[PDB]
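Have a look at the structure below before the remarks.
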Amino acid sequence: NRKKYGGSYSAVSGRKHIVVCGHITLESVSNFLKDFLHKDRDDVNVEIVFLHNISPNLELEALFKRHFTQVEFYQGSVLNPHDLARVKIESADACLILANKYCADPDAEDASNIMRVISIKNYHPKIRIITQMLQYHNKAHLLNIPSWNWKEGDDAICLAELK
Amino acid sequence: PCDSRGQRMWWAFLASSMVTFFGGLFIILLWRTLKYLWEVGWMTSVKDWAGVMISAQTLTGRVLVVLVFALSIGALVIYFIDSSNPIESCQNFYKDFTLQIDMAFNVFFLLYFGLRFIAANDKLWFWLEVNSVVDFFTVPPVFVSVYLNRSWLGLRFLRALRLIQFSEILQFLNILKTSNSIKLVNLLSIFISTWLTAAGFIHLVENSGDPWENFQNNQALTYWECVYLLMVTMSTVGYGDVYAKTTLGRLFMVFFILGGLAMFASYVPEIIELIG
Amino acid sequence: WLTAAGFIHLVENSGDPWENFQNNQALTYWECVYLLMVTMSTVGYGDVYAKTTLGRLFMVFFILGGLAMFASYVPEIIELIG
Amino acid sequence: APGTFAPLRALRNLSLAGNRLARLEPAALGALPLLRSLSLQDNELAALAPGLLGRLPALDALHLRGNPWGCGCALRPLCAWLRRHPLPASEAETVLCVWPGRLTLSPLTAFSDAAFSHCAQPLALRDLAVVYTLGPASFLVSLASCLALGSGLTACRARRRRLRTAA
Ligand SMILES: [Mg+2]
């Protein structure tokens with residue numbers, strides 16, 4: 001009985017790293033990685049750090065293996081301040097919360113997402129957060145958070161609104 | 001001439017490997033304690049380059065990975081061939097063809113170890129990996145062997161533990177993707193590596209009797225007989241036609257039953273089910 | 001069971017070719033059937049066993065695929081009969 | 001049994017010929033300072049173990065005909081004795097190797113030191129340090145070589161990229 005993915009990310013000078021959390025799954029991570037690391041984009045070295053409570057399966061572990069230098073994974077819960085300190089939210093360039101687009105109750109998923117963003121804001125208010133919202137009113141709920149300020153960069157992507 | 005051995009000097013190779021491993025540990029821990037008590041980075045640049053090399057992210061990386069696969073198989077075959085020779089012998093480097101191939105293999109493995117060390121994030125936990133350990137106890141003995149013109153078949157069976165890092169190799173090359181196939185290759189690699197490594201250790205301890213008896217407990221077991229003995233043992237069959245007679249062989253059997261019978265009983269049915 | 005016993009019978013009665021057939025064990029077919037039952041049942045008395053290289057090789061490769069087959073088939077057959 | 005001959009302090013000539021003694025141990029003979037000759041002819045002694053002849057200072061005549069002498073390094077201390085205790089030619093011609101191979105039925109007195117230079121020499125003080133230092137030194141050299149190659153390649157790539165970014 002052991003935690004194989006327990007560890008602390010190490011900040012690298014001159015290299016921006018972003019943290020990805022929320023709904024982490026083989027398909028979602030594959031789509032995010034093929035969009036983020038596309039050749040047509042300008043050459044910028046950004047280190048992706050995935051934070052998720054459920055340990056990855058063999059397919060997801062292999063997918064992380066192909067992106068050996070590009071990405072990193074750390075098993076933890078977004079709620080814990082210690083886990084957030086492990087992935088270096090303080091030095092992170094951005095934090096991205098993915099969402100389960102296909103869920104039994106969209107309000108419950110929005111509640112989990114507002115949970116996660118409130119946790120990140122509580123640990124570190126300055127950090128910029130890009131999230132996905134299934135319902136439009138919950139975006140207005142997001143605006144109620146004190147540190148949710150758009151000027152420095154803070155984005156809520158409402159899927160219903162944009163669709 | 002012939003009959004080149006009358007005494008034993010295994011401690012040379014053993015101490016060379018041991019001092020390499022333990023000096024690495026001491027230097028790393030001393031650096032840690034000394035630090036505790038006090039552009040974009042060229043160290044970071046070389047670390048990233050080595051990380052790209054270790055993976056099959058480039059054509060040269062794929063070539064390196066395929067070469068690692070092939071030369072691990074080749075070094076295992078070399079150990080198999082050399083298993084028939086006596087435990088200690090004297091041979092000439094520039095007149096024998098197997099030592100030159102083994103030297104080339106070990107030079108490649110040393111350079112690959114250097115690349116892996118450069119690419120590693122945590123140096124301490126990299127020093128304690130199984131691949132690093134089998135690199136510590138396999139290459140320095142071969143260098144000592146070529147220097148002294150004297151070959152001792154010692155921890156060469158540890159080369160079989162290089163067979164474990166094969167599922168990761170196939171995952172780097174994008175060949176191995178689905179979870180079932182990854183699980184199959186993992187189980188097969190672990191099972192066969194453990195089987196062959198335990199068989200090699202039994203072969204070494206039986207052919208070289210326990211030291212406190214002045215090496216008078218030789219059983220003269222060929223490697224295939226030791227493989228068959230391990231199969232019969234961890235399969236729980238236990239014929240009794242072949243068994244370990246030395247104290248060290250019996251000790252390893254006692255401590256290997258606990259971890260090997262469970263491994264067999266949990267791996268073989270799962271492998272059969274997955275192939276089915 | 002019968003096919004494996006027959007293969008052991010043929011191999012043991014005809015010693016490995018590279019030894020010029022000098023490794024005869026002279027096992028009857030019934031002895032080979034008994035040996036196979038003792039083996040794949042995991043009992044392993046050791047009074048009867050294969051001594052040739054080919055016989056030992058086949059026994060090693062048959063243990064893996066036969067012990068599991070015995071352990072999966074015998075209880076199921078007993079349950080179905082009951 | 002070791003210590004069988006120990007109390008016999010005044011032995012001069014001891015005969016063990018025509019026997020089935022497969023191996024003779026140094027502790028079997030014990031300390032026999034006055035032993036002047038030994039007889040071991042027509043036996044099954046494959047080779048004499050080291051340290052057997054070290055406890056017989058006065059051993060001047062020794063008979064070794066008709067013995068299964070396996071001419072290897074195991075009898076290195078034996079022939080070295082024969083070089084300093086020459087045998088009569090009639091006896092010398094009968095003392096031969098027994099092992100099938102390169103040295104079959106070759107007289108033991110025909111083997112010189114250079115013929116057994118490949119044998120295990122006593123531990124030295126130079127090679128003792130070389131074997132201890134070969135491992136870590138080679139690992140450090142490999143690590144430094146990989147680091148230097150990576151640094152050079154990365155510097156070359158960066159220089160090529162920043163000088164030819166617009167090109
Ligand atoms: Mg990294």
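Going through the structure tokens in order, the chains are called A, B, and so on, while each chain numbers its residues from 1 and the ligands are numbered from 1 in the order shown.
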
Problem set entry | Contacts of segment 74-84 of chain A at 9 Å (only C-alpha atoms; same-chain gap of 5+ positions) as a ChimeraX atom specification | /A:3-9,21-22,49-56,89-90,115-116,119-120,122-123

Write the residues of the preceding selection, restricted to N, CA and C atoms, as a JSON list (two decimals), in the first residue's frame.
```json
[["chain", "number", "residue", "atom", "x", "y", "z"],
["A", 3, "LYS", "N", 1.60, 5.37, -2.12],
["A", 3, "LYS", "CA", 1.19, 6.45, -3.02],
["A", 3, "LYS", "C", 2.31, 6.63, -4.03],
["A", 4, "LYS", "N", 2.09, 6.14, -5.25],
["A", 4, "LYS", "CA", 3.15, 6.15, -6.25],
["A", 4, "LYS", "C", 3.36, 7.53, -6.86],
["A", 5, "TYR", "N", 2.30, 8.33, -6.94],
["A", 5, "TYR", "CA", 2.37, 9.64, -7.58],
["A", 5, "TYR", "C", 2.45, 10.78, -6.58],
["A", 6, "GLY", "N", 2.68, 10.48, -5.31],
["A", 6, "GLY", "CA", 2.88, 11.51, -4.31],
["A", 6, "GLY", "C", 4.23, 12.17, -4.46],
["A", 7, "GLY", "N", 4.25, 13.49, -4.60],
["A", 7, "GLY", "CA", 5.49, 14.23, -4.74],
["A", 7, "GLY", "C", 5.21, 15.70, -4.86],
["A", 8, "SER", "N", 6.28, 16.49, -4.86],
["A", 8, "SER", "CA", 6.19, 17.93, -4.96],
["A", 8, "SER", "C", 6.83, 18.39, -6.26],
["A", 9, "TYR", "N", 6.10, 19.20, -7.03],
["A", 9, "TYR", "CA", 6.66, 19.80, -8.23],
["A", 9, "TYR", "C", 7.75, 20.79, -7.86],
["A", 21, "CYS", "N", -6.56, 21.06, -13.26],
["A", 21, "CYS", "CA", -7.30, 20.28, -12.28],
["A", 21, "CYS", "C", -8.75, 20.21, -12.71],
["A", 22, "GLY", "N", -9.55, 19.48, -11.94],
["A", 22, "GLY", "CA", -10.96, 19.31, -12.24],
["A", 22, "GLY", "C", -11.25, 17.94, -12.83],
["A", 49, "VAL", "N", 1.09, 20.73, -15.15],
["A", 49, "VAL", "CA", 1.06, 19.93, -13.93],
["A", 49, "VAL", "C", -0.39, 19.56, -13.65],
["A", 50, "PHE", "N", -0.69, 18.27, -13.73],
["A", 50, "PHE", "CA", -2.04, 17.77, -13.50],
["A", 50, "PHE", "C", -2.21, 17.40, -12.03],
["A", 51, "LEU", "N", -3.29, 17.87, -11.42],
["A", 51, "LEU", "CA", -3.63, 17.54, -10.04],
["A", 51, "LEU", "C", -4.99, 16.86, -10.02],
["A", 52, "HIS", "N", -5.04, 15.64, -9.51],
["A", 52, "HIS", "CA", -6.28, 14.87, -9.49],
["A", 52, "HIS", "C", -6.21, 13.81, -8.40],
["A", 53, "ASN", "N", -7.35, 13.57, -7.75],
["A", 53, "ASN", "CA", -7.39, 12.63, -6.64],
["A", 53, "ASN", "C", -7.32, 11.18, -7.13],
["A", 54, "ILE", "N", -8.02, 10.86, -8.22],
["A", 54, "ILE", "CA", -8.05, 9.50, -8.71],
["A", 54, "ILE", "C", -6.75, 9.19, -9.45],
["A", 55, "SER", "N", -6.11, 8.09, -9.07],
["A", 55, "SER", "CA", -4.85, 7.70, -9.69],
["A", 55, "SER", "C", -5.08, 7.30, -11.15],
["A", 56, "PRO", "N", -4.21, 7.72, -12.06],
["A", 56, "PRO", "CA", -4.44, 7.46, -13.49],
["A", 56, "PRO", "C", -4.35, 5.98, -13.82],
["A", 89, "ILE", "N", 1.16, 26.34, -6.58],
["A", 89, "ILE", "CA", 0.18, 27.31, -7.06],
["A", 89, "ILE", "C", 0.71, 28.73, -6.91],
["A", 90, "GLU", "N", 1.57, 28.95, -5.91],
["A", 90, "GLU", "CA", 2.10, 30.29, -5.68],
["A", 90, "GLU", "C", 2.92, 30.78, -6.86],
["A", 115, "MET", "N", -16.58, 25.25, -5.89],
["A", 115, "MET", "CA", -15.72, 24.70, -4.83],
["A", 115, "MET", "C", -14.25, 24.87, -5.17],
["A", 116, "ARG", "N", -13.84, 24.32, -6.31],
["A", 116, "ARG", "CA", -12.42, 24.30, -6.64],
["A", 116, "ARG", "C", -11.86, 25.70, -6.79],
["A", 119, "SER", "N", -11.42, 27.32, -3.51],
["A", 119, "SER", "CA", -10.25, 26.77, -2.84],
["A", 119, "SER", "C", -8.97, 27.42, -3.35],
["A", 120, "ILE", "N", -8.82, 27.52, -4.67],
["A", 120, "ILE", "CA", -7.62, 28.15, -5.23],
["A", 120, "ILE", "C", -7.52, 29.61, -4.80],
["A", 122, "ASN", "N", -8.79, 30.97, -2.14],
["A", 122, "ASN", "CA", -8.48, 30.98, -0.71],
["A", 122, "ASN", "C", -7.00, 30.78, -0.47],
["A", 123, "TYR", "N", -6.40, 29.79, -1.14],
["A", 123, "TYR", "CA", -4.97, 29.55, -0.94],
["A", 123, "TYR", "C", -4.14, 30.70, -1.49]]
```

Exercise. Leaving out residue 2 of chain C and any residue of its chain fewer than 2 positions from it, which residues lie within 12 Å of it when counting only C-alpha atoms, given as a ChimeraX atom specification?
Worked result: /C:4-9,29-37

Can you spit out the residues from that selection as a PDB file, in the first residue's frame, using N, CA, C and O atoms?
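Saved as out.pdb:
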```pdb
ATOM      1  N   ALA C   4      -1.063 -34.743 -23.111  1.00  0.00           N
ATOM      2  CA  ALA C   4       0.180 -34.437 -22.413  1.00  0.00           C
ATOM      3  C   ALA C   4       0.868 -35.707 -21.932  1.00  0.00           C
ATOM      4  O   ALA C   4       2.099 -35.829 -22.019  1.00  0.00           O
ATOM      5  N   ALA C   5       0.091 -36.666 -21.421  1.00  0.00           N
ATOM      6  CA  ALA C   5       0.677 -37.929 -20.991  1.00  0.00           C
ATOM      7  C   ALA C   5       1.314 -38.669 -22.158  1.00  0.00           C
ATOM      8  O   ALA C   5       2.397 -39.246 -22.019  1.00  0.00           O
ATOM      9  N   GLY C   6       0.663 -38.655 -23.321  1.00  0.00           N
ATOM     10  CA  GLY C   6       1.248 -39.291 -24.489  1.00  0.00           C
ATOM     11  C   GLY C   6       2.526 -38.617 -24.949  1.00  0.00           C
ATOM     12  O   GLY C   6       3.471 -39.285 -25.381  1.00  0.00           O
ATOM     13  N   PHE C   7       2.570 -37.285 -24.882  1.00  0.00           N
ATOM     14  CA  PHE C   7       3.789 -36.585 -25.271  1.00  0.00           C
ATOM     15  C   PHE C   7       4.937 -36.918 -24.330  1.00  0.00           C
ATOM     16  O   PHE C   7       6.070 -37.141 -24.775  1.00  0.00           O
ATOM     17  N   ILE C   8       4.667 -36.955 -23.023  1.00  0.00           N
ATOM     18  CA  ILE C   8       5.693 -37.387 -22.074  1.00  0.00           C
ATOM     19  C   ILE C   8       6.138 -38.809 -22.374  1.00  0.00           C
ATOM     20  O   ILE C   8       7.331 -39.120 -22.318  1.00  0.00           O
ATOM     21  N   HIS C   9       5.194 -39.694 -22.686  1.00  0.00           N
ATOM     22  CA  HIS C   9       5.547 -41.076 -22.992  1.00  0.00           C
ATOM     23  C   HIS C   9       6.504 -41.145 -24.176  1.00  0.00           C
ATOM     24  O   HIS C   9       7.566 -41.777 -24.099  1.00  0.00           O
ATOM     25  N   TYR C  29       2.715 -45.936 -20.517  1.00  0.00           N
ATOM     26  CA  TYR C  29       1.735 -44.871 -20.697  1.00  0.00           C
ATOM     27  C   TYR C  29       0.958 -44.610 -19.414  1.00  0.00           C
ATOM     28  O   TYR C  29       0.629 -43.461 -19.103  1.00  0.00           O
ATOM     29  N   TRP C  30       0.647 -45.665 -18.659  1.00  0.00           N
ATOM     30  CA  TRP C  30      -0.052 -45.482 -17.393  1.00  0.00           C
ATOM     31  C   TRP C  30       0.792 -44.686 -16.409  1.00  0.00           C
ATOM     32  O   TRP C  30       0.271 -43.839 -15.676  1.00  0.00           O
ATOM     33  N   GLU C  31       2.101 -44.945 -16.375  1.00  0.00           N
ATOM     34  CA  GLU C  31       2.979 -44.178 -15.498  1.00  0.00           C
ATOM     35  C   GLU C  31       3.000 -42.709 -15.895  1.00  0.00           C
ATOM     36  O   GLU C  31       3.038 -41.828 -15.032  1.00  0.00           O
ATOM     37  N   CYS C  32       2.975 -42.426 -17.196  1.00  0.00           N
ATOM     38  CA  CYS C  32       2.958 -41.040 -17.650  1.00  0.00           C
ATOM     39  C   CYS C  32       1.643 -40.355 -17.303  1.00  0.00           C
ATOM     40  O   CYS C  32       1.634 -39.181 -16.921  1.00  0.00           O
ATOM     41  N   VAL C  33       0.523 -41.069 -17.429  1.00  0.00           N
ATOM     42  CA  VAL C  33      -0.768 -40.514 -17.022  1.00  0.00           C
ATOM     43  C   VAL C  33      -0.769 -40.204 -15.533  1.00  0.00           C
ATOM     44  O   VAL C  33      -1.230 -39.139 -15.100  1.00  0.00           O
ATOM     45  N   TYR C  34      -0.253 -41.132 -14.725  1.00  0.00           N
ATOM     46  CA  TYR C  34      -0.170 -40.915 -13.285  1.00  0.00           C
ATOM     47  C   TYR C  34       0.720 -39.721 -12.958  1.00  0.00           C
ATOM     48  O   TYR C  34       0.384 -38.904 -12.094  1.00  0.00           O
ATOM     49  N   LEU C  35       1.855 -39.603 -13.644  1.00  0.00           N
ATOM     50  CA  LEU C  35       2.751 -38.477 -13.421  1.00  0.00           C
ATOM     51  C   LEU C  35       2.080 -37.160 -13.777  1.00  0.00           C
ATOM     52  O   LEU C  35       2.221 -36.170 -13.053  1.00  0.00           O
ATOM     53  N   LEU C  36       1.355 -37.125 -14.893  1.00  0.00           N
ATOM     54  CA  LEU C  36       0.678 -35.894 -15.291  1.00  0.00           C
ATOM     55  C   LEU C  36      -0.394 -35.505 -14.285  1.00  0.00           C
ATOM     56  O   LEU C  36      -0.542 -34.324 -13.952  1.00  0.00           O
ATOM     57  N   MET C  37      -1.153 -36.484 -13.790  1.00  0.00           N
ATOM     58  CA  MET C  37      -2.159 -36.183 -12.777  1.00  0.00           C
ATOM     59  C   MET C  37      -1.513 -35.664 -11.499  1.00  0.00           C
ATOM     60  O   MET C  37      -2.001 -34.705 -10.897  1.00  0.00           O
TER      61      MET C  37
END
```

Pick out the residues sitting within 9 Å of residue 64 of chain B, and hand them over as a tab-separated table (two decimals) with N, CA, C and O atoms, in the first residue's frame; count only C-alpha atoms, and ignore anything fewer than 3 positions along from it in its own chain.
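File produced: selection18.tsv:
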```
chain	number	residue	atom	x	y	z
B	53	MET	N	15.98	12.87	-25.07
B	53	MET	CA	16.71	11.70	-25.55
B	53	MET	C	16.19	10.40	-24.92
B	53	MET	O	16.03	9.40	-25.61
B	54	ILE	N	15.94	10.41	-23.61
B	54	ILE	CA	15.50	9.20	-22.91
B	54	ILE	C	14.17	8.73	-23.48
B	54	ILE	O	13.97	7.53	-23.72
B	55	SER	N	13.24	9.65	-23.70
B	55	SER	CA	12.01	9.32	-24.39
B	55	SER	C	12.28	9.15	-25.88
B	55	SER	O	13.32	9.56	-26.41
B	56	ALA	N	11.32	8.54	-26.57
B	56	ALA	CA	11.39	8.43	-28.02
B	56	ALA	C	10.65	9.58	-28.69
B	56	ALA	O	9.79	9.38	-29.55
B	59	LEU	N	13.82	11.22	-33.56
B	59	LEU	CA	14.31	10.05	-34.28
B	59	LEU	C	15.52	9.44	-33.59
B	59	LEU	O	15.61	8.21	-33.44
B	60	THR	N	16.46	10.28	-33.15
B	60	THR	CA	17.61	9.77	-32.41
B	60	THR	C	17.19	9.16	-31.09
B	60	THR	O	17.78	8.17	-30.64
B	61	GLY	N	16.14	9.70	-30.46
B	61	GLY	CA	15.62	9.09	-29.25
B	61	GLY	C	15.03	7.72	-29.50
B	61	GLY	O	15.26	6.79	-28.73
B	67	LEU	N	17.79	0.57	-29.53
B	67	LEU	CA	19.09	0.00	-29.21
B	67	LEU	C	19.13	-0.52	-27.78
B	67	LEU	O	19.74	-1.56	-27.51
B	68	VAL	N	18.51	0.20	-26.85
B	68	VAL	CA	18.46	-0.27	-25.46
B	68	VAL	C	17.74	-1.60	-25.38
B	68	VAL	O	18.20	-2.55	-24.73
B	69	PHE	N	16.59	-1.70	-26.06
B	69	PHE	CA	15.86	-2.97	-26.12
B	69	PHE	C	16.74	-4.10	-26.65
B	69	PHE	O	16.90	-5.15	-26.01
B	112	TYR	N	24.10	5.25	-21.61
B	112	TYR	CA	22.67	5.38	-21.37
B	112	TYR	C	22.38	5.72	-19.92
B	112	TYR	O	21.47	6.51	-19.63
```

Problem set entry | Surrounding residues of residue 57 of chain C excluding itself and chain neighbours under 2 positions, 12 Å, only C-alpha atoms, as a list in words |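 Counting only the stated atoms, we get residues 224, 225, 227, 228, 229, 231 and 232 of chain B; 7, 8, 11, 12, 16, 50, 51, 52, 53, 54, 55, 59, 60, 61, 62, 63 and 64 of chain C.
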
Problem set entry | Test item: residues no farther than 10 Å from ligand 1, counting only C-alpha atoms and all ligand atoms, as a ChimeraX atom specification | /A:9-12,17,47-49,67-73 /B:47-48,51,119-121
